[PDB]
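A.B. asks: This one is coords-v4.pdb, PDB, C-alpha atoms (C1' of nucleotides) and all ligand atoms.
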```
ATOM      1  CA  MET B   1     110.608   3.294  41.579  1.00  0.00           C
ATOM      2  CA  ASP B   2     112.100   1.487  38.584  1.00  0.00           C
ATOM      3  CA  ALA B   3     108.665   2.010  36.949  1.00  0.00           C
ATOM      4  CA  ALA B   4     107.779  -1.632  37.605  1.00  0.00           C
ATOM      5  CA  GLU B   5     106.035  -1.179  40.937  1.00  0.00           C
ATOM      6  CA  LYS B   6     105.023   2.277  39.707  1.00  0.00           C
ATOM      7  CA  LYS B   7     103.000   0.697  36.900  1.00  0.00           C
ATOM      8  CA  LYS B   8     101.796  -1.901  39.400  1.00  0.00           C
ATOM      9  CA  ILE B   9     100.528   0.838  41.731  1.00  0.00           C
ATOM     10  CA  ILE B  10      98.919   2.726  38.851  1.00  0.00           C
ATOM     11  CA  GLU B  11      97.002  -0.346  37.712  1.00  0.00           C
ATOM     12  CA  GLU B  12      95.930  -1.526  41.161  1.00  0.00           C
ATOM     13  CA  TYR B  13      94.770   1.932  42.264  1.00  0.00           C
ATOM     14  CA  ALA B  14      93.270   3.086  38.952  1.00  0.00           C
ATOM     15  CA  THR B  15      89.544   3.798  38.905  1.00  0.00           C
ATOM     16  CA  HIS B  16      89.189   2.426  35.363  1.00  0.00           C
ATOM     17  CA  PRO B  17      91.673   0.572  33.133  1.00  0.00           C
ATOM     18  CA  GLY B  18      92.865   3.683  31.314  1.00  0.00           C
ATOM     19  CA  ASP B  19      93.169   5.729  34.495  1.00  0.00           C
ATOM     20  CA  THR B  20      96.657   7.070  35.165  1.00  0.00           C
ATOM     21  CA  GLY B  21      96.198  10.557  36.631  1.00  0.00           C
ATOM     22  CA  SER B  22      93.214  10.465  38.957  1.00  0.00           C
ATOM     23  CA  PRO B  23      93.616  11.619  42.572  1.00  0.00           C
ATOM     24  CA  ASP B  24      93.514   8.032  43.858  1.00  0.00           C
ATOM     25  CA  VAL B  25      96.438   6.985  41.660  1.00  0.00           C
ATOM     26  CA  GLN B  26      98.287  10.192  42.495  1.00  0.00           C
ATOM     27  CA  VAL B  27      97.846   9.679  46.242  1.00  0.00           C
ATOM     28  CA  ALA B  28      98.996   6.060  46.006  1.00  0.00           C
ATOM     29  CA  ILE B  29     102.113   7.021  44.044  1.00  0.00           C
ATOM     30  CA  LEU B  30     102.833   9.905  46.408  1.00  0.00           C
ATOM     31  CA  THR B  31     102.486   7.657  49.455  1.00  0.00           C
ATOM     32  CA  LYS B  32     104.902   5.102  48.034  1.00  0.00           C
ATOM     33  CA  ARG B  33     107.354   7.904  47.240  1.00  0.00           C
ATOM     34  CA  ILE B  34     106.989   9.342  50.755  1.00  0.00           C
ATOM     35  CA  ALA B  35     107.755   5.935  52.261  1.00  0.00           C
ATOM     36  CA  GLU B  36     110.831   5.492  50.067  1.00  0.00           C
ATOM     37  CA  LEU B  37     112.108   8.997  50.802  1.00  0.00           C
ATOM     38  CA  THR B  38     111.506   8.509  54.529  1.00  0.00           C
ATOM     39  CA  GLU B  39     113.734   5.436  54.416  1.00  0.00           C
ATOM     40  CA  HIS B  40     116.358   7.345  52.424  1.00  0.00           C
ATOM     41  CA  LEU B  41     116.283  10.175  54.971  1.00  0.00           C
ATOM     42  CA  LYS B  42     116.585   7.718  57.854  1.00  0.00           C
ATOM     43  CA  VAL B  43     119.777   6.557  56.159  1.00  0.00           C
ATOM     44  CA  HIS B  44     120.896  10.157  55.427  1.00  0.00           C
ATOM     45  CA  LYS B  45     119.481  12.407  58.153  1.00  0.00           C
ATOM     46  CA  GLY B  46     121.456  15.327  56.711  1.00  0.00           C
ATOM     47  CA  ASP B  47     119.660  15.558  53.345  1.00  0.00           C
ATOM     48  CA  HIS B  48     117.714  18.749  53.977  1.00  0.00           C
ATOM     49  CA  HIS B  49     116.933  19.351  50.301  1.00  0.00           C
ATOM     50  CA  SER B  50     115.441  15.884  49.904  1.00  0.00           C
ATOM     51  CA  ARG B  51     113.507  16.448  53.129  1.00  0.00           C
ATOM     52  CA  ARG B  52     112.038  19.600  51.588  1.00  0.00           C
ATOM     53  CA  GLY B  53     111.043  17.541  48.564  1.00  0.00           C
ATOM     54  CA  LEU B  54     109.391  15.089  50.953  1.00  0.00           C
ATOM     55  CA  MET B  55     107.456  17.909  52.620  1.00  0.00           C
ATOM     56  CA  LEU B  56     106.308  19.121  49.204  1.00  0.00           C
ATOM     57  CA  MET B  57     105.055  15.612  48.420  1.00  0.00           C
ATOM     58  CA  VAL B  58     103.276  15.479  51.785  1.00  0.00           C
ATOM     59  CA  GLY B  59     101.492  18.764  51.120  1.00  0.00           C
ATOM     60  CA  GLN B  60     100.527  17.744  47.590  1.00  0.00           C
ATOM     61  CA  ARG B  61      99.084  14.459  48.849  1.00  0.00           C
ATOM     62  CA  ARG B  62      97.224  16.376  51.552  1.00  0.00           C
ATOM     63  CA  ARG B  63      95.578  18.657  48.991  1.00  0.00           C
ATOM     64  CA  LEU B  64      94.638  15.675  46.823  1.00  0.00           C
ATOM     65  CA  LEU B  65      93.091  13.908  49.820  1.00  0.00           C
ATOM     66  CA  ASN B  66      91.236  17.102  50.713  1.00  0.00           C
ATOM     67  CA  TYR B  67      89.745  17.216  47.216  1.00  0.00           C
ATOM     68  CA  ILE B  68      88.777  13.543  47.426  1.00  0.00           C
ATOM     69  CA  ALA B  69      87.112  13.975  50.817  1.00  0.00           C
ATOM     70  CA  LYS B  70      85.315  17.131  49.688  1.00  0.00           C
ATOM     71  CA  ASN B  71      83.787  15.260  46.760  1.00  0.00           C
ATOM     72  CA  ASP B  72      83.127  11.734  48.065  1.00  0.00           C
ATOM     73  CA  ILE B  73      83.692  11.175  51.781  1.00  0.00           C
ATOM     74  CA  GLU B  74      83.136   7.398  51.777  1.00  0.00           C
ATOM     75  CA  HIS B  75      85.536   6.973  48.857  1.00  0.00           C
ATOM     76  CA  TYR B  76      88.048   9.030  50.828  1.00  0.00           C
ATOM     77  CA  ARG B  77      87.574   6.701  53.796  1.00  0.00           C
ATOM     78  CA  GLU B  78      88.122   3.584  51.669  1.00  0.00           C
ATOM     79  CA  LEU B  79      91.197   5.060  49.995  1.00  0.00           C
ATOM     80  CA  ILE B  80      92.864   6.048  53.253  1.00  0.00           C
ATOM     81  CA  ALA B  81      91.858   2.724  54.832  1.00  0.00           C
ATOM     82  CA  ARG B  82      93.772   0.961  52.076  1.00  0.00           C
ATOM     83  CA  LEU B  83      96.573   3.518  52.395  1.00  0.00           C
ATOM     84  CA  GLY B  84      97.819   3.404  55.965  1.00  0.00           C
ATOM     85  CA  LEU B  85      94.530   4.383  57.673  1.00  0.00           C
ATOM     86  CA  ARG B  86      95.757   8.017  58.025  1.00  0.00           C
ATOM     87  CA  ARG B  87      97.609   7.754  61.328  1.00  0.00           C
TER      88      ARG B  87
ATOM     89  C1'   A J   1     232.622  36.550 126.920  1.00  0.00           C
ATOM     90  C1'   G J   2     227.983  36.399 129.374  1.00  0.00           C
ATOM     91  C1'   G J   3     224.158  33.037 130.579  1.00  0.00           C
ATOM     92  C1'   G J   4     220.671  28.251 131.181  1.00  0.00           C
ATOM     93  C1'   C J   5     220.705  23.687 133.770  1.00  0.00           C
ATOM     94  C1'   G J   6     223.711  20.599 137.282  1.00  0.00           C
ATOM     95  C1'   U J   7     226.939  18.797 141.348  1.00  0.00           C
ATOM     96  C1'   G J   8     224.528  11.132 147.561  1.00  0.00           C
ATOM     97  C1'   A J   9     220.457   8.831 151.052  1.00  0.00           C
ATOM     98  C1'   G J  10     218.041   6.016 149.372  1.00  0.00           C
ATOM     99  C1'   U J  11     214.697   1.857 149.168  1.00  0.00           C
ATOM    100  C1'   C J  12     210.908  -1.840 150.580  1.00  0.00           C
ATOM    101  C1'   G J  13     206.812  -3.102 153.715  1.00  0.00           C
ATOM    102  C1'   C J  14     202.399  -1.717 156.762  1.00  0.00           C
ATOM    103  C1'   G J  15     198.999   2.481 158.128  1.00  0.00           C
ATOM    104  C1'   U J  16     196.939   6.808 156.268  1.00  0.00           C
ATOM    105  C1'   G J  17     195.678  11.779 153.097  1.00  0.00           C
ATOM    106  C1'   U J  18     194.940  13.218 147.889  1.00  0.00           C
ATOM    107  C1'   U J  19     194.763  11.182 143.147  1.00  0.00           C
ATOM    108  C1'   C J  20     194.607   7.799 138.267  1.00  0.00           C
ATOM    109  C1'   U J  21     191.912   3.608 135.669  1.00  0.00           C
ATOM    110  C1'   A J  22     187.641   0.969 136.979  1.00  0.00           C
ATOM    111  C1'   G J  23     180.002   2.251 138.217  1.00  0.00           C
ATOM    112  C1'   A J  24     184.258   4.838 142.086  1.00  0.00           C
ATOM    113  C1'   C J  25     180.004   8.290 147.761  1.00  0.00           C
ATOM    114  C1'   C J  26     174.711   7.269 146.695  1.00  0.00           C
ATOM    115  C1'   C J  27     169.969   8.274 144.023  1.00  0.00           C
ATOM    116  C1'   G J  28     167.381  10.441 139.366  1.00  0.00           C
ATOM    117  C1'   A J  29     166.179  11.578 133.504  1.00  0.00           C
ATOM    118  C1'   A J  30     164.124  12.706 128.696  1.00  0.00           C
ATOM    119  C1'   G J  31     166.349   9.753 125.312  1.00  0.00           C
ATOM    120  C1'   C J  32     170.369   6.281 121.982  1.00  0.00           C
ATOM    121  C1'   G J  33     171.743   1.147 120.167  1.00  0.00           C
ATOM    122  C1'   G J  34     171.182  -4.428 119.529  1.00  0.00           C
ATOM    123  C1'   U J  35     167.842  -8.581 119.415  1.00  0.00           C
ATOM    124  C1'   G J  36     163.140 -10.054 119.906  1.00  0.00           C
ATOM    125  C1'   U J  37     157.454  -9.808 121.197  1.00  0.00           C
ATOM    126  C1'   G J  38     152.746  -7.813 119.653  1.00  0.00           C
ATOM    127  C1'   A J  39     147.057  -6.155 114.284  1.00  0.00           C
ATOM    128  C1'   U J  40     142.498 -10.882 120.445  1.00  0.00           C
ATOM    129  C1'   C J  41     142.442  -2.885 121.142  1.00  0.00           C
ATOM    130  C1'   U J  42     142.787  -0.038 116.845  1.00  0.00           C
ATOM    131  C1'   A J  43     143.946   1.532 111.214  1.00  0.00           C
ATOM    132  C1'   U J  44     143.364  -0.517 106.244  1.00  0.00           C
ATOM    133  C1'   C J  45     142.915  -4.924 103.564  1.00  0.00           C
ATOM    134  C1'   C J  46     141.526 -10.362 102.330  1.00  0.00           C
ATOM    135  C1'   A J  47     138.187 -14.761 102.203  1.00  0.00           C
ATOM    136  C1'   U J  48     133.609 -16.459 103.985  1.00  0.00           C
ATOM    137  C1'   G J  49     128.714 -15.646 106.810  1.00  0.00           C
ATOM    138  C1'   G J  50     124.798 -12.594 109.235  1.00  0.00           C
ATOM    139  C1'   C J  51     121.644  -8.198 109.711  1.00  0.00           C
ATOM    140  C1'   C J  52     118.726  -3.548 108.478  1.00  0.00           C
ATOM    141  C1'   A J  53     110.606  -2.863 112.278  1.00  0.00           C
ATOM    142  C1'   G J  54     107.369   0.255 109.891  1.00  0.00           C
ATOM    143  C1'   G J  55     105.777   4.231 106.845  1.00  0.00           C
ATOM    144  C1'   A J  56     106.801   7.651 102.566  1.00  0.00           C
ATOM    145  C1'   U J  57     108.302   9.508  97.681  1.00  0.00           C
ATOM    146  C1'   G J  58     107.338   7.866  92.582  1.00  0.00           C
ATOM    147  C1'   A J  59     113.280   7.713  88.248  1.00  0.00           C
ATOM    148  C1'   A J  60     114.131   4.804  83.944  1.00  0.00           C
ATOM    149  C1'   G J  61     111.456   1.194  81.351  1.00  0.00           C
ATOM    150  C1'   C J  62     106.836  -0.552  79.269  1.00  0.00           C
ATOM    151  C1'   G J  63     101.830   0.326  77.612  1.00  0.00           C
ATOM    152  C1'   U J  64      97.241   3.512  76.210  1.00  0.00           C
ATOM    153  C1'   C J  65      95.611   7.936  73.892  1.00  0.00           C
ATOM    154  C1'   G J  66      96.849  12.385  71.281  1.00  0.00           C
ATOM    155  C1'   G J  67     100.403  14.295  67.717  1.00  0.00           C
ATOM    156  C1'   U J  68     103.649  13.610  63.018  1.00  0.00           C
ATOM    157  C1'   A J  69     105.460  12.136  56.420  1.00  0.00           C
ATOM    158  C1'   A J  70     108.448   9.527  60.584  1.00  0.00           C
ATOM    159  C1'   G J  71     108.929  11.722  64.916  1.00  0.00           C
ATOM    160  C1'   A J  72     110.010  14.717  68.830  1.00  0.00           C
ATOM    161  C1'   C J  73     106.452  15.760  72.426  1.00  0.00           C
ATOM    162  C1'   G J  74     101.996  15.740  75.373  1.00  0.00           C
ATOM    163  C1'   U J  75      98.475  12.656  78.397  1.00  0.00           C
ATOM    164  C1'   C J  76      97.139   8.523  81.339  1.00  0.00           C
ATOM    165  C1'   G J  77      98.173   3.936  83.464  1.00  0.00           C
ATOM    166  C1'   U J  78     101.839   0.654  84.775  1.00  0.00           C
ATOM    167  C1'   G J  79     106.450   0.299  86.949  1.00  0.00           C
ATOM    168  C1'   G J  80     109.399   0.650  91.759  1.00  0.00           C
ATOM    169  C1'   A J  81     114.727   3.659  90.851  1.00  0.00           C
ATOM    170  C1'   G J  82     117.713   6.301  94.667  1.00  0.00           C
TER     171        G J  82
HETATM  172 MG    MG Z 101     171.669  11.823 118.997  1.00  0.00          MG
HETATM  173 MG    MG Z 102     167.336   1.001 115.343  1.00  0.00          MG
HETATM  174 MG    MG Z 103     164.588   1.246 122.287  1.00  0.00          MG
HETATM  175 MG    MG Z 104     153.732 -11.408 114.193  1.00  0.00          MG
HETATM  176 MG    MG Z 105     141.825  -8.059 113.832  1.00  0.00          MG
END
```
Would you encode the structure as structure tokens?
Ligand SMILES: [Mg+2]
Ligand SMILES: [Mg+2]
Ligand SMILES: [Mg+2]
Ligand SMILES: [Mg+2]
Ligand SMILES: [Mg+2]
C.D. replies:
Amino acid sequence: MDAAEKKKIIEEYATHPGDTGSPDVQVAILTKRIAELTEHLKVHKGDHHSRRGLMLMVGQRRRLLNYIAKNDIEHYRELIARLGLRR
RNA sequence: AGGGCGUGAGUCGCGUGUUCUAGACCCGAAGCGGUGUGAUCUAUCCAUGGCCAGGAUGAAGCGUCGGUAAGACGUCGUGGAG
């Protein structure tokens, strides 16, 4: 998250070239952040405050995915298929 | 002074009684000491071999599925532990 791969993620998950805040981009960014924080917590199992931040990110991503699936179910399926298949 | 002790037959053989030192009239311990013999029984150990019909039970592990942010965990199969 030195903004390099963040911009990369924004551009390769954007719906249109100017898109930077749509639910797809938000879910992609949140998933990358959840992965990074999961690794950090695996290193530091005792970081309860960061784990709470991780849970907040998880819930936010869940609500965004719920909105996406409520609007366009096939788009939701494609997005989650790209993003870890929702296991 | 009074008193104690003292004022010629012995000695050597043989026999014999008792006795001394020797096992000492004879028999009998449990045990003590010295030096050896034994681990072909048995106790433990050491090296090197053998052996344990048959039938049960179903531990880890692994895998599937479910679960989760990752899990834990659940489920099923597999597995064959003591
Ligand atoms: Mg004595
Ligand atoms: Mg002795
Ligand atoms: Mg003796
Ligand atoms: Mg000997
Ligand atoms: Mg022997």
A.B. asks: If the PyMOL selection byres ((chain J) within 10 of (chain B)) is run on the structure shown, which residues does it catch, given as a list in words?
C.D. replies: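 Against this file, the PyMOL selection byres ((chain J) within 10 of (chain B)) returns the residues residues 67, 68, 69 and 70 of chain J.
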A.B. asks: State, in Å with one decimal place, the distance from CA of residue 13 (chain B) to CA of residue 26 (chain B).
C.D. replies: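 Taking CA of residue 13 (chain B) and CA of residue 26 (chain B), their separation equals 9.0 Å.
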A.B. asks: Can you tell me which residues come within 10 Å of ligand MG 105 (chain Z) when counting all atoms listed in the file, ideally as a ChimeraX atom specification?
C.D. replies: /J:39-42
A.B. asks: Wanna dump the chain J-ligand MG 102 (chain Z) contacts at 10 Å for me, each residue with its shortest atom pair and the distance in Å to one decimal, counting all atoms listed in the file, ordered by chain and number, as a Markdown table?
C.D. replies:
```
| residue | atom | partner | partner_atom | distance |
| --- | --- | --- | --- | --- |
| J:32 | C1' | Z:MG102 | MG | 9.0 |
| J:33 | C1' | Z:MG102 | MG | 6.5 |
| J:34 | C1' | Z:MG102 | MG | 7.9 |
```
A.B. asks: For the selection you just gave me, I'd like the residues written to a file as a PDB file, in the frame of the given file, keeping C-alpha atoms (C1' of nucleotides).
C.D. replies:
```pdb
ATOM      1  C1'   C J  32     170.369   6.281 121.982  1.00  0.00           C
ATOM      2  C1'   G J  33     171.743   1.147 120.167  1.00  0.00           C
ATOM      3  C1'   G J  34     171.182  -4.428 119.529  1.00  0.00           C
TER       4        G J  34
END
```
A.B. asks: Please give me, as a PDB file with C-alpha atoms (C1' of nucleotides), in the coordinates of the input, the residues lying within 12 Å of ligand MG 104 (chain Z) when counting all atoms listed in the file.
C.D. replies:
```pdb
ATOM      1  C1'   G J  36     163.140 -10.054 119.906  1.00  0.00           C
ATOM      2  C1'   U J  37     157.454  -9.808 121.197  1.00  0.00           C
ATOM      3  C1'   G J  38     152.746  -7.813 119.653  1.00  0.00           C
ATOM      4  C1'   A J  39     147.057  -6.155 114.284  1.00  0.00           C
TER       5        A J  39
END
```
A.B. asks: Check what the PyMOL selection byres (((chain J and resi 46-57) around 12) and not hetatm) selects in the file above and give those residues as a VMD selection string.
C.D. replies: chain J and resid 44 to 45 58 to 59 80 to 82
A.B. asks: Starting from the PyMOL selection byres (((chain B and resi 66) around 12) and not hetatm), expand the selection into actual residues of this file and give them as a ChimeraX atom specification.
C.D. replies: /B:23-24,27,59-65,67-73,75-77,80
A.B. asks: May I ask for the distance between CA of residue 12 (chain B) and CA of residue 32 (chain B), given in Å to one decimal place?
C.D. replies: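 One can read the CA of residue 12 (chain B) to CA of residue 32 (chain B) distance as 13.1 Å.
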A.B. asks: Could you tell me how far CA of residue 17 (chain B) sits from CA of residue 84 (chain B), in Å to one decimal place?
C.D. replies: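 Between these atoms lies a distance of 23.8 Å.
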A.B. asks: Between B:11, B:19, B:5, B:25, which one has atoms that come closest to residue 79 (chain B), using only C-alpha atoms?
C.D. replies: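 Using only C-alpha atoms, the shortest distance to residue 79 (chain B) belongs to B:25.
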A.B. asks: Which of these, J:71, J:10, J:31, J:15, has the shortest distance to ligand MG 103 (chain Z) once you count all atoms listed in the file?
C.D. replies: J:31
A.B. asks: Take every atom of region 61-77 of chain B listed in the file, pad by 8 Å on each side, and give me the axis-aligned box centre and edge lengths in Å, one decimal, as JSON.
C.D. replies:
```
{"center_x": 91.1, "center_y": 12.7, "center_z": 50.3, "size_x": 32.0, "size_y": 28.0, "size_z": 23.0}
```
A.B. asks: N, CA and C atoms for region 8-35 of chain B, written as a compact mmCIF listing (two decimals), keeping the file's coordinate frame, could you do that?
C.D. replies:
```txt
# COMPACT_ATOMS: atom_id res chain seq x y z
N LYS B 8 102.63 -1.05 38.56
CA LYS B 8 101.80 -1.90 39.40
C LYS B 8 100.83 -1.07 40.24
N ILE B 9 101.35 -0.03 40.89
CA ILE B 9 100.53 0.84 41.73
C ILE B 9 99.48 1.54 40.89
N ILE B 10 99.87 2.04 39.72
CA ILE B 10 98.92 2.73 38.85
C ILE B 10 97.76 1.80 38.50
N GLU B 11 98.07 0.56 38.11
CA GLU B 11 97.00 -0.35 37.71
C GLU B 11 96.15 -0.80 38.89
N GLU B 12 96.74 -1.01 40.07
CA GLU B 12 95.93 -1.53 41.16
C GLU B 12 95.30 -0.43 42.00
N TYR B 13 95.54 0.84 41.68
CA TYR B 13 94.77 1.93 42.26
C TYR B 13 93.97 2.72 41.24
N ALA B 14 94.03 2.36 39.96
CA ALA B 14 93.27 3.09 38.95
C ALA B 14 91.77 2.87 39.13
N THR B 15 91.00 3.91 38.83
CA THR B 15 89.54 3.80 38.90
C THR B 15 89.00 2.99 37.74
N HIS B 16 89.55 3.17 36.55
CA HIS B 16 89.19 2.43 35.36
C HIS B 16 90.47 2.06 34.63
N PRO B 17 90.42 1.08 33.72
CA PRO B 17 91.67 0.57 33.13
C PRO B 17 92.58 1.64 32.53
N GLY B 18 92.02 2.65 31.88
CA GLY B 18 92.86 3.68 31.31
C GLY B 18 93.33 4.75 32.28
N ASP B 19 92.91 4.66 33.54
CA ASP B 19 93.17 5.73 34.49
C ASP B 19 94.63 5.75 34.90
N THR B 20 95.27 6.91 34.76
CA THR B 20 96.66 7.07 35.16
C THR B 20 96.95 8.41 35.83
N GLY B 21 95.95 9.26 36.04
CA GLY B 21 96.20 10.56 36.63
C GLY B 21 95.12 11.02 37.59
N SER B 22 94.26 10.11 38.01
CA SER B 22 93.21 10.46 38.96
C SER B 22 93.80 10.67 40.35
N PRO B 23 93.08 11.37 41.23
CA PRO B 23 93.62 11.62 42.57
C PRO B 23 93.94 10.36 43.35
N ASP B 24 93.20 9.27 43.15
CA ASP B 24 93.51 8.03 43.86
C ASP B 24 94.88 7.50 43.45
N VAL B 25 95.14 7.44 42.15
CA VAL B 25 96.44 6.98 41.66
C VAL B 25 97.54 7.92 42.13
N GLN B 26 97.28 9.23 42.07
CA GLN B 26 98.29 10.19 42.50
C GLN B 26 98.62 10.03 43.97
N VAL B 27 97.61 9.83 44.81
CA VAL B 27 97.85 9.68 46.24
C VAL B 27 98.60 8.39 46.52
N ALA B 28 98.27 7.31 45.81
CA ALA B 28 99.00 6.06 46.01
C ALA B 28 100.47 6.21 45.63
N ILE B 29 100.73 6.81 44.47
CA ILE B 29 102.11 7.02 44.04
C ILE B 29 102.85 7.91 45.04
N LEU B 30 102.20 8.99 45.47
CA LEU B 30 102.83 9.90 46.41
C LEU B 30 103.14 9.22 47.73
N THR B 31 102.24 8.36 48.20
CA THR B 31 102.49 7.66 49.46
C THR B 31 103.66 6.70 49.33
N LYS B 32 103.75 5.98 48.22
CA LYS B 32 104.90 5.10 48.03
C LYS B 32 106.19 5.91 47.99
N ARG B 33 106.17 7.06 47.31
CA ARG B 33 107.35 7.90 47.24
C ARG B 33 107.72 8.47 48.61
N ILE B 34 106.72 8.84 49.41
CA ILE B 34 106.99 9.34 50.76
C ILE B 34 107.62 8.26 51.61
N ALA B 35 107.14 7.02 51.51
CA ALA B 35 107.76 5.94 52.26
C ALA B 35 109.21 5.74 51.85
```
